[PDB]
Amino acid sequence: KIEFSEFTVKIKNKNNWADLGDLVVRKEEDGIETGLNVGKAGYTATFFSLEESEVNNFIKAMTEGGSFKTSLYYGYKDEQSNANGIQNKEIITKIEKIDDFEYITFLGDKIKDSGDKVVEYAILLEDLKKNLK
């Protein structure tokens, strides 16, 4: 039984690690929807969504490291997937230390006009651990 409803965590990206914005995580009837808020208002859109059957994988991946399948992935402005989405994309997470602090890190999609150069995201592990229940 999932207890969470909606929460917000700060999200970082690669330039060096830099602050990007807020990631809103919502528990829907079927699965989870994540939204990205960048700047002030500013940019506000779906980041990725996943089905009910992938909720347990998502919770384990976002608190321990692992993988989960999204039903739809958009990412941010610099990704190829932003305009039209990518279906069934697998997200692989790792726990990495950034300035003596543990983060959940994952790769996004390819950058718009770059030779398989991919975006990387980071979220504070403690922020996810305390919210995902």
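The first residue of the shown sequence is 1; numbering continues from there.
Where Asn15 is followed by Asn16 in the displayed chain, the model omits 1 to 3 of the deposited residues that sit between the two. Between 58-66 and 97-105, the higher mean Cα B-factor belongs to 97-105. The question of which stretch, 25-33 or 41-49, has the higher mean Cα B factor is settled in favour of 41-49. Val118: CA B factor in the highest third of modelled residues in this chain (values from the PDB entry). The PDB entry assigns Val9 a C-alpha temperature factor belonging to the lowest third of its chain's modelled residues.
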